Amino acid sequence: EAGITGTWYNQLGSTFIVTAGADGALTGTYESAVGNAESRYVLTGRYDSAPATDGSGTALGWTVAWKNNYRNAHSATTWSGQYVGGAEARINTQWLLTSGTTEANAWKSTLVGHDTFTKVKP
């Protein structure tokens, strides 16, 4: 009923496949535009499993740490946003990408950006 389980695509070629559990869990995989095994990472997060019924979106967030069995970029991204249902459902998000740094390099530790995901590729 949540509308969130399934495959989502951002506007630059990445794909994530998630299950929205009855308990508020988000679990799945995030795959970069490269599209290989090396390019797939574990995704884990949470969502509001009882959203408002007034037309408001469904709040959610998730994390990917950029380590898999093939590669490690010593970093993790969090996406914070909301699911917006209807004819062309969307997940609108802002993200923070933190890389592990020394204290001297902490100034350059955290990048910020945004993503919009749809159930259909760009």
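In case it trips you up, residue 1 is the first one in the sequence shown, and so on. Throughout, rigid core stands for the largest set of C-alpha atoms superposing within 1.5 Å between the two forms.
Enquirer: Fit on the core, then compare CA atoms: does 61-69 or 44-52 lie farther from this form in 5 other deposited structures of this protein?
Expert: Checking 61-69 against 44-52 in 5 other deposited structures of this protein, I find the farther stretch is 44-52.
Enquirer: Is the larger C-alpha RMS shift in 5 other deposited structures of this protein, relative to this form with the rigid core superposed, found in 31-39 or in 90-98?
Expert: Comparing 31-39 with 90-98, the larger C-alpha deviation in 5 other deposited structures of this protein belongs to 31-39.
Enquirer: Out of 51-59 and 90-98, which one has CA B-factors that are higher on average in the deposited record?
Expert: Taking the mean C-alpha B-factor of 51-59 and of 90-98, the larger value falls to 51-59.
Enquirer: Pick between 41-49 and 81-89: the one whose mean CA B-factor in the entry is higher.
Expert: Result: 81-89.
Enquirer: If you compare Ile17, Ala25, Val112, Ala104, which has the highest Cα B-factor in the entry?
Expert: When the deposited C-alpha B-factors of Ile17, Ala25, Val112, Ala104 are compared, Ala104 is largest.
Enquirer: Quick one: classify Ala73 as lowest, middle or highest third of the chain based on its Cα B-factor.
Expert: Middle third - that is where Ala73 ends up once the chain's C-alpha B-factors are sorted.
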